[PDB]
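Just below is one structure, and these are the notes that go with it.
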Amino acid sequence: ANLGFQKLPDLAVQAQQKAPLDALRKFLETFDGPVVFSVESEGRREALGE
DNA sequence: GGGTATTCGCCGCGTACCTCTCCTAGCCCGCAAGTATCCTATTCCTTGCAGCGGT
């Protein structure tokens, strides 16, 4: 059996540009299903929550 | 047990005299390694503007 499990698109953060979250802010707009971030710690949650 | 045999480690190896040379280690300072910072050039990257082409 095959299970459609494509690799994630190009998402990255870098402070070089004016808008660092450009790949994320465009990927989240053009995705129709859900999306689930997965963090390893609790404080890391806030490090991704802000 | 218990006697024989092989091995091992200590003790020993002349008296008196004469000449010569040579006898230093430990600590303080400045070097190295790592780490951290500031400071000053020096390159690199991003965005905004002047000139040129398409309509």
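Some points to look at:
- Selection within region A:1-39: residues that are loosely packed, with under 10 Cβ neighbours inside 10 Å and among the basic types (K, R). The member of this set that is nearest to A:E50 (Cα to Cα) is A:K18.
- Filtering region A:39-50 to residues that are of a type in the set (D, E) and in a loop (DSSP other than H, G, I, E, B) leaves A:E40, A:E42, A:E50.
- A:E46 surrounded by 10 or more Cβ atoms within 10 Å (Cβ to Cβ) and not small (G, A, S): yes
- Flag if A:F5 is more than 16 Å from DNA strand B (Cβ to nearest atom) and under 12 Å from the mean Cα position of the chain (by Cα): no
- Cβ separations smaller than 8 Å between residues 6+ apart or across chains give the following pairs from region A:1-23 residues that are assigned to a loop (DSSP other than H, G, I, E, B) to residues that are charged (D, E, K, R) and surrounded by 10 or more Cβ atoms within 10 Å (Cβ to Cβ): A:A19/A:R25.
- Filtered by the rule that a residue be in a loop (DSSP other than H, G, I, E, B) and within 16 Å of DNA strand B (Cβ to nearest atom), region A:24-38 gives no residues.
Values in this text are rule-based calculations from the coordinates and carry no lab data. For neighbour counting, all protein chains shown are included, and Cβ atoms are generated from backbone atoms with ideal geometry for every residue, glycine included.
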